[PDB]
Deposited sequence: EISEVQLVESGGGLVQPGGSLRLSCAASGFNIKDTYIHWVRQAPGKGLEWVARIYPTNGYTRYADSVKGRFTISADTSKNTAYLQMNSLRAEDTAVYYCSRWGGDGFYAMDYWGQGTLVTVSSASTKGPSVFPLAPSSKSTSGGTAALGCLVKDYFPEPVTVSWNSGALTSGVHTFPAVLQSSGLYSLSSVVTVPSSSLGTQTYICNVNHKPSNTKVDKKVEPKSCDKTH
């Protein structure tokens, strides 16, 4: 098979530094070019950098020029992106992609992305509340946290039908807040069990609260 995995990205202060790592796998990167493409929230794709690992030659978008260096350790089959002097406009999600074979220069394989936020604010793991429930609909209300994201998941992998996890929103205070809901028939309510497993990796925190009549 073939894949890439971005890592080492999260939260940094204005004018700070961070090191994104892109773990290649299923092919050797000596045979092709490796790209960093980034996407600001609700904006388009911006190509940022290239490297040809064999000889280490690199090229950069004018915006990042002389601030982000991109390098590639051939021994590990991995590519890096040392960002320095982080501006606010550098806040985006960062994908590493490869070009294909020798004469095939489309970005055929891409990673999953890591978020990178440039803002001086610490990580408060949120408080998870419930809500009150033939249609039986209920919900959890995870409030006041920073920065994104949130991995809500009802049970192990049991509930994925009529499951709606909402997006977040910047409050004037400066803390995000979403709502995660799910629907089922009214002939169930209090018989089996319903626990929304919320997760927040930025603050290592985790709560498994529930909903009940």
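Gaps between the deposited sequence and the modelled structure occur at positions 1-3, 137-143, 224-230.
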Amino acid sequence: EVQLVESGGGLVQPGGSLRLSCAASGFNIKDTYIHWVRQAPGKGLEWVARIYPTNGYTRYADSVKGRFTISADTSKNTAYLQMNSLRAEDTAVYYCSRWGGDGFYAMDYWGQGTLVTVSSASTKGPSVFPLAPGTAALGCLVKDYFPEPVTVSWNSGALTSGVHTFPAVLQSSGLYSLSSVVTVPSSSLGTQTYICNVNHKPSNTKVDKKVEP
From here on, numbers count along this sequence of modelled residues.
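Comparing 204-212 with 1-9, the higher mean C-alpha B-factor in the PDB entry belongs to 204-212.
In this crystal structure, the stretch out of 142-150 and 53-61 whose C-alpha atoms carry the higher mean B factor is 142-150.
Taking the PDB entry at face value, the top CA B factor among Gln39, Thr32, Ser188, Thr69 belongs to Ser188. Among the modelled residues of the chain, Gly101 sits in the middle third by CA temperature factor in this PDB entry.
Ranked within its chain, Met107 lands in the lowest third, by CA B factor from the PDB record.
The entry lists a Cα temperature factor for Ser25 that places it in the lowest third of the chain's modelled residues. The entry lists a Cα temperature factor for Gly162 that places it in the middle third of the chain's modelled residues.
When the modelled residues of the chain are ordered by C-alpha B-factor, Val182 sits in the highest third.
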